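Notes follow once the structure below has been shown.
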Amino acid sequence: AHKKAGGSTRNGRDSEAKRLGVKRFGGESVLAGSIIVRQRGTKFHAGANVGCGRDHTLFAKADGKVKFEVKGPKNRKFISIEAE
Amino acid sequence: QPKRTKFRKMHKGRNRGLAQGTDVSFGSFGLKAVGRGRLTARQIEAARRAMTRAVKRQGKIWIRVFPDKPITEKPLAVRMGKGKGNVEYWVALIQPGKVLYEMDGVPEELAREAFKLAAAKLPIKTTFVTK
Amino acid sequence: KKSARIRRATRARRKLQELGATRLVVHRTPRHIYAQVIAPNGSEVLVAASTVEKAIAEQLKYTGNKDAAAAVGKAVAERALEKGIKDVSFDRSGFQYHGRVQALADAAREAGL
RNA sequence: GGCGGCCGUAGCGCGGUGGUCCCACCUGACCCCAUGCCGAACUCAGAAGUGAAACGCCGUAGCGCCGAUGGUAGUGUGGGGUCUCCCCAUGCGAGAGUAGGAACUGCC
RNA sequence: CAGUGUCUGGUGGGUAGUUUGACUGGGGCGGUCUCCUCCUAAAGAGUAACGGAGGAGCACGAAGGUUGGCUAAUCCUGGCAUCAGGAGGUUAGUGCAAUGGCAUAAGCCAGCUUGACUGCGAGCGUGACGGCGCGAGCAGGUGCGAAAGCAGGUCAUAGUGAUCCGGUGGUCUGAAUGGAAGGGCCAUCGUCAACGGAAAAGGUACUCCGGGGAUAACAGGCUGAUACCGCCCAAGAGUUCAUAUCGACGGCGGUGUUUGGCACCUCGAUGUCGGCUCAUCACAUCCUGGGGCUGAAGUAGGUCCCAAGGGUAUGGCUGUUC
RNA sequence: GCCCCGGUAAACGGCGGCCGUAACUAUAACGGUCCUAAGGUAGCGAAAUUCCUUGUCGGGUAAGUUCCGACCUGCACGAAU
RNA sequence: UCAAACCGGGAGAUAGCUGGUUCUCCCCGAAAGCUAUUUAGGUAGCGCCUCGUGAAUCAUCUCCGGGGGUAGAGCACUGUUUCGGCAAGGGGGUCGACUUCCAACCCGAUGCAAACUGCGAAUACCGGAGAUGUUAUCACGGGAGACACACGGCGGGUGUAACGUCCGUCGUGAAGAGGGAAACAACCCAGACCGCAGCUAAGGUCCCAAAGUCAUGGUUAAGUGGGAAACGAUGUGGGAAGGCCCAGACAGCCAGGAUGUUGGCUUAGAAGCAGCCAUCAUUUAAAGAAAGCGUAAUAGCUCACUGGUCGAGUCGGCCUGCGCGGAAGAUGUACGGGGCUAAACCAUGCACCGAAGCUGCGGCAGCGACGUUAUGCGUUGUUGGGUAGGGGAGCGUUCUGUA
RNA sequence: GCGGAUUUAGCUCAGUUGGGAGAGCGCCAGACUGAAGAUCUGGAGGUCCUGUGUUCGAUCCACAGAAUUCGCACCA
RNA sequence: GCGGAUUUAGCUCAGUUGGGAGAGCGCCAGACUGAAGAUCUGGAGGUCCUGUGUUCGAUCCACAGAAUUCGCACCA
RNA sequence: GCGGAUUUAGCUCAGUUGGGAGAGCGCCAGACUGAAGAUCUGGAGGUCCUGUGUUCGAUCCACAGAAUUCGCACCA
Numbered sequence: 002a003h004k005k006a007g008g009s010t011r012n013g014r015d016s017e018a019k020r021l022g023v024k025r026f027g028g029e030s031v032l033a034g035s036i037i038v039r040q041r042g043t044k045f046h047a048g049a050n051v052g053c054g055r056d057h058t059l060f061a062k063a064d065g066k067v068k069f070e071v072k073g074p075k076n077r078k079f080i081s082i083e084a085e
Numbered sequence: 003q004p005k006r007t008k009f010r011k012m013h014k015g016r017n018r019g020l021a022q023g024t025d026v027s028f029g030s031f032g033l034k035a036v037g038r039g040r041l042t043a044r045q046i047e048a049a050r051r052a053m054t055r056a057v058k059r060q061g062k063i064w065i066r067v068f069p070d071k072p073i074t075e076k077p078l079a080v081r082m083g084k085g086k087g088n089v090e091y092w093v094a095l096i097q098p099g100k101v102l103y104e105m106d107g108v109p110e111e112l113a114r115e116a117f118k119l120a121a122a123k124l125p126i127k128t129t130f131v132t133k
Numbered sequence: 003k004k005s006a007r008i009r010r011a012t013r014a015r016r017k018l019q020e021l022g023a024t025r026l027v028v029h030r031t032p033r034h035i036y037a038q039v040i041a042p043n044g045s046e047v048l049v050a051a052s053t054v055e056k057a058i059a060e061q062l063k064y065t066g067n068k069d070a071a072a073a074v075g076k077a078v079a080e081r082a083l084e085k086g087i088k089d090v091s092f093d094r095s096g097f098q099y100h101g102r103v104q105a106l107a108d109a110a111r112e113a114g115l
């Protein structure tokens, strides 16, 4: 029923995440990168996470959220190639 | 030996206990030991009881380090049995420059004779410090 | 990310900011009704008109009714079209339906917004 | 109080002082309109009474958070000895301690 | 009358052919062999052991969606049920293991409502490989919403399985045509959880054989907690007297004769136990020799030191080593 | 034929817990009380069938884990098994 | 010959089980891991090796733009953990108050965490510019081997520990020869065609053994020449710090250790000296109501304390180098041996010996590059080690053709 | 899968003129007996499988569904 | 050491819809009998092994520990 | 030697909130009975193995020693 044995986190296997979409090349508005699911907001390049900063770039495409609270889950403001 | 602490089985009791001395005035004297070493509560008692049984002239004798690290043993076959709590009870961690016993006393040292008796009970060459 | 204080009061709208346009705030006081065409990045007011200013034209009755709410909408919008704005979204933070805010919006469209 | 600019060191606690211009509290619910049980919500109307919640100013830095002047442990990377272990070269440098900041700026 | 020929049901190792799994600090017993989630895994990724802690093989039309109102645990005060006030980011709650997320909320209460739609693509799973899953579009069209928009079931990661055959929804298909009964395309459901799926028990000192000791049961090797012995400090005992003698607690060591552990070595075979016979070596000396102490009057002893040169040697019962 | 019923053991078997009594103490012995029907009546033991065990007492011997006799709760004695 | 004949044939029965099989030379030159498997003494698919064909021009430290939170450290959740004070509850003792003990809360001082963390590396890593490398990078196809590794170092997890199991990175053992280390798979230096000359690396320079029995300075005596530990050490050397020193003290020798008091209590007695408590003062340079011997208790004898006389540095303490005690065993005892006091050790220094290493002459080759019809020349790069394995050339033998 | 039988008060069962729901046992009470027992009497106790349909009205007809039992069929 | 069973009021035991702690015997008292006995009635008698974790609440679930018993293992 | 249990008034035993030393039997006395018996009541009876340590205080904690018992261990 409950949970016992004063223990912390619960484990299993190896993570199933990747680094798809380095971004500096074309990219249709879709989930750039993969780690955890369910998240929206970013509609372009919005790599911004606590640290030395983050980035992405060039690619004119309406929308394009991130994975979730990970590699810059925050939603910055627009960005395209330079001249789409 | 990774520092073990809580979330474990209940073992034995402290062979130690009597903090001794009056806790009305805090001082900064001491008896430092040059070198890191693990001392079990069973040893701390012998050394502590040695000086206390000598400093009958007064008091103000206090200890700062307490035994908090658990150490188990597995007296049996092998495959089965991680480690139970036997003679090897709580053990304290002493740093190369840590003060174990400090008695609140000004140059009237009648405890140097006491600390000497204890210095011969704990494994590690200790030195008497005035500061 | 966490929900900002403004998001907790849901008075703001992030979905209208993803487009990059302007808003049409409708403030209402038990005495007067205000309307503005503010643009993102702070409180940038391009054009605005108060029901009290409607008196400058020739308003006689009270300024806290529905017919007055529609009069202000036509004024704020008329000045907006004179500014250079065409489209705008309705932003009525906290209010009911068919109220004075709807009369303000219906008035804005009547002008050309 | 109105009207702008810059536009996250403005989290969270605490002190003094002023305005009957402005503004909420407040007061009253005839009616539009509205509450599963309650005009409290919701919506309308008037201004008897304050500034007590706001606001304008201004005084403490507690605690959070963001920068700066001083320094040892800690730690890469490559050769030395030594029973273990320790040392040298080279790129940096814990926490404790001394100070900084409690808005800024134009107009009526 | 039955016999005999044929067939059907029941009984039927009496007889015949086989199966009776794998993992597994040998094998067997016990425990496992699918799947999810922390540590271990040593800050990308991946990573083992009967490795430590714990679970899934379902349940649910609502524990779904939207909107309005509201905000919790817990503690304090006035009356533990309830009501009023205060403190209170939140430790509550959110179906399920755990982490992560969330409060003018993704939580609570109430009302309403019900997208779990059809069709077809692009992308994601180092390094190719299916089913399945998920993120993100388009075309048309269901539900809710003012609308953007939100659904491809339940916040995310466990709740699952082929071929053959059968049962269920349009069409195609056998000299020549009609009727009936079949075969096939697409899809759903039914079982293999030793879960990438064979229908099948036992005996073997009556045994036989292939081979082997990357996986155990001896000797060696390392360790040494256990065992043996010593040392330091010395409480206390000994009428008084720590130390003639005995000597705890605690601390520090040596040996490796015991036991335990590991399993690094052997594993291409060096006849067992005990005894007997015969040869050499060692010492932790039981004496003889020379000494110290004594709770040493003497005598006789007790304990200790140097020392092994010699002497240290035997018998009765029992195969028996106590 | 089976289910069902019944005869047959010259097929596999079973025979506990508690209380009172009594004893210098513990046990065995007898009755009952309870559980599941009974709880071993007629006969037989440390036995080549008893581990613990050179079991206990004793004879015998200077001394016998041997033997004999007795007690006996007989780890898992018993009537043509 | 039997818990069951022989012969031949089917048979060249089958096996996921063991083992294995005959010429030369040239070029290049692995994996012992992942997924599935009645699968783990087996295979298949990949990683990895090799060969062939095709295509066509690019790969890489440092800086910049990024992802990480492990080490360390710390405390804000969380689970632990020292002391004092206050308030509430329970229990016990004497009085409805107080005292003692236990648990929870708050405040000021005291301590921690492999599944905590406000912080936070180094470092590993994605992408892009500035070297190196070139038909590479890459595509397709053929043939693979291979899935019992091991060791050193660093970081580990388990274990008392192991020539322990089990991981990770890397270098090696395996194809590292050569040299040093006494001998020695993985320790140090270093990596090979042949022949020749030269110079060095490691190491070594008293002799065996090629090269100094070299230079300056210092230490040790033990032959220490180093298992050898925890532990111990005025054996001896070096360095630093405090205090005391020519008002001759500290030790000898002379003479001197009292008075109230046999302090009290206690005790058969205790009278400085069994024990229990105190330890004052009166008379001086100086004598403790007494540090030991002694008595049954006294007595007696010394010491402390001070003068006379005797006559110079002493005393307390910290640290370091080397040696010593602790170290007890098996047919004759040693650093490789002789042997050595330096041919030891420490701080410096000079000159040499010493490899197939480096340099240089000649010679063979191979591969690849450039130019080329050329595998003919010219020039250029590596230079040219190899088990399994892939590719390529050749000598010899038998018999049958033409010349 | 298929067909047959069965599906009434706790238990075991009767009940087709379609129009009363009933019996035995059991349970409770009474009577009786000193009393308990037995017998006798009395009372309580029924979604008469479920739904729908058929009639004026159905336990008692029709249809559909469920359960029990049985035969048969299936079973690498 | 391994595995299984057991661990409720003095004794012996029942007790899983997790939400009542209960029975027999025994003990005390009553009723009865002259009385004692037996029978009948009534009462008292429970850290339901211990701790912790569960749920609104657990003897009745999970985990850890302890005790009893049995099989096995060990035994120069 | 190793490990476990036990070591309370004469006997058999209870007794962990560490702060009362207690029960049954036995012994003596009383009550009762003619009396003795039984039963009821009352009293006496404890270095709670020994030493030391731990606390304010220990039977009730720690350590050491002794005794009893059981399992195990070594037999020319």
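Chains as they are written, first to last, in the UniProt record's numbering: chain A, 2 to 85; chain B, 3 to 133; chain C, 3 to 115.
No residue lacks a Cβ here, since even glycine has one placed at the ideal position from N, Cα and C.
Cβ contact check for the stretch 30-39 of chain C and the stretch 52-59 of chain C: 3 or more pairs under 8 Å: yes
Cut-off 6 Å between Cβ atoms - residues of its own chain near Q60/B, not counting five sequence neighbours on either side: none
Own chain residues within Cβ distance below 7 Å of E17/A, not counting five before or after: none
Own chain, CB closer than 8 Å to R114/B, minus 5 neighbours either side, in chain order: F130
Length of the line joining the Cα atoms of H46/A and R9/C: 23 Å
Nearest-angstrom beta carbon gap, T24/C and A11/C [assumed within contact, 8 Å]: The pair is not a contact, with the Cβ atoms about 21 Å apart (cut-off 8 Å).
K3/C at chain A interface by Cβ criterion, 8 Å: yes
Endpoints, alpha helix (DSSP H) assigned at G75/C: 68-85
Proximity test, Cβ basis, 8 Å: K62/A and chain C: no
Proximity test, Cβ basis, 8 Å: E20/C and chain A: yes
Nearest candidate by alpha-carbon position, reference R41/A, set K72/A, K5/A, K4/A, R14/A: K72/A
Of the residues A109/C, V78/C, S95/C, the one placed nearest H29/C, counting alpha carbons only: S95/C
Segments of 3+ residues assigned as beta strand (DSSP E) that fall wholly inside the stretch 13-61 of chain C: 25-30, 35-41, 46-52
Short CB-CB distance (under 8 Å) between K44/A and chain C: yes
Inter-residue CB distance, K71/B and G85/B (contact presumed, cutoff 8 Å): Rounded, the Cβ-Cβ distance is 13 Å, inconsistent with contact.
3-residue-minimum beta strand (DSSP E) runs that sit fully inside the stretch 34-84 of chain B, ordered along the chain: 39-42, 63-65
As assigned by DSSP and simplified to three states, the class of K118/B: helix
Close Cβ partners of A120/B (< 6 Å) along its chain, the five nearest in sequence each way excluded: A49, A52, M53
The beta strand (DSSP E) enclosing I96/B, as first and last residue numbers: 93-96
Min CB distance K75/A to chain C below 8 Å: yes
Endpoints, the alpha helix (DSSP H) within which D108/C is located: 102-113
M105/B - containing beta strand (DSSP E), residue span: 103-105
Residues near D56/A by beta carbon distance below 6 Å, same chain, minus five either side: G48
For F92/C: DSSP bridge partner residues: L26/C
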